[PDB]
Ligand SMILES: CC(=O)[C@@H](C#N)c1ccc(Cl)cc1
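Take a look at this single chain, the form deposited without this ligand, given in structure tokens.
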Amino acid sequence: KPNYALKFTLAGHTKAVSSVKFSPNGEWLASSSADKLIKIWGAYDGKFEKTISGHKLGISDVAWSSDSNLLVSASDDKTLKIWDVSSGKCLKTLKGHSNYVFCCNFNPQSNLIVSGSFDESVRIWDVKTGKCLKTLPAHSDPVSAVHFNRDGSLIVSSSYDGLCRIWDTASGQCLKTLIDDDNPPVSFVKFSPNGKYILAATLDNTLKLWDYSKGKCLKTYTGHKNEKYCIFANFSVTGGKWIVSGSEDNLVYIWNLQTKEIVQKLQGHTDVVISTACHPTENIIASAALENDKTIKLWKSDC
């Protein structure tokens, strides 16, 4: 079992925090917020680094390029923005979604950005030019998450419509659809670091580890509260192999990935823990919470 202990509470956003992501190089934490701002913090000392601004509505997601130099953000203003981290300048504005942009990610080579939107589409964008290369008619309801696999050849998307879909990046064709016979809305999805599995949250308080090729549910994680919001979940791999997720009871939940037992709950947030992130090399978790809380917490474990 891990022993995550609180190290820092990061205050400064004036509305709900929506998303936190560690830079691939481990130096930085980026956070997006309903307050329209991105904030950059030191990953190891919690020190505020800078504020990046320009979205004229709130931001639901943010993501790092693989070389840690760029960020992409997704906003209620229907655009994504590509930012140069060092300068804080907006390098591109990605236009073409017709409703809120909900989620975003670079591919590993970081020449592409994938976005999902309330307009029910998944868009694939060229980073260099800001051009939209593809609009995928992905879902029949808002798209809650989009994620590339380890080589960028696959995209996984999830939606309130209840489906998890796997797309061939190059052709844009849907390779696989996962269904649950029930339609719980699917609120989050990502590939496992190896790309063999998909981790899917549904709004029935349930996380599931899937083999997408086989189409089998391997693992179920429960005990947390998730019925209303799209909460990020994570594979923790730097120490023990955990599943990490926020929860609507204001706790961070940590499960043993293989046994599915809950191994730790992190207490201290005072609103829904909407987002968690796992540091790439250290046993460090970042968590962030909604309007009653507005803070980010950094937690450290010996394993």
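Basically, rigid core = biggest C-alpha set you can superpose within 1.5 Å across the two forms. Position 1 is the first residue in the sequence shown; the rest follow in order.
Once the rigid core is used to overlay the structures in 7 other deposited structures of this protein, the stretch among 208 to 216 and 226 to 234 whose CA atoms lie farther from this form is 208 to 216. The question of which stretch, 260 to 268 or 36 to 44, has the higher mean Cα B factor is settled in favour of 260 to 268. Between the stretches 143 to 151 and 171 to 179, it is 171 to 179 that shows the larger average CA temperature factor. Annotation for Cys230, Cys217, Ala200, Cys104: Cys217 ranks highest, by Cα B-factor.
For the set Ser115, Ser157, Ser187, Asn194, the maximum C-alpha B-factor listed in the entry falls on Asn194. Sort the modelled residues of the chain by CA B factor and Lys294 lands in the middle third. When all modelled residues of the chain are sorted by CA temperature factor, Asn99 is found within the middle third.
Annotation for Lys208: C-alpha temperature factor in the middle third relative to the rest of the modelled chain, per the entry.
Compared with the other modelled residues of the chain, the Cα B-factor recorded for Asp161 ranks in the middle third. Annotation for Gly239: C-alpha temperature factor in the middle third relative to the rest of the modelled chain, per the entry.
Beyond what is shown, the protein has a form deposited with this ligand bound; the following relates to that form.
This chain is displayed alone, yet in the entry with it bound one of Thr135, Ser192, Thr169, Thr206 has a heavy atom within 4.5 Å of this ligand; that residue is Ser192. Contact with this ligand in the entry with it bound, judged by any heavy atom within 4.5 Å, is made by just one of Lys241, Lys265, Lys47, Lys56: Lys241. Under a 4.5 angstroms non-hydrogen atom cutoff, this ligand in the entry with it bound has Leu257 among its neighbouring residues. This ligand in the entry with it bound is not approached by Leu70, whose heavy atoms all lie more than 4.5 angstroms from it.
Within this chain, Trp28 is remote from the site of this ligand in the entry with it bound, having no heavy atom within 4.5 Å. Taking the partner from the other structure, this ligand in the entry with it bound has no heavy atom within 4.5 Å of any heavy atom of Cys278. Shown alone, this chain has one stretch from 106 to 114, 174 to 182, 194 to 202, 87 to 95 that lies within 4.5 Å of this ligand in the entry with it bound by heavy atoms: 194 to 202.
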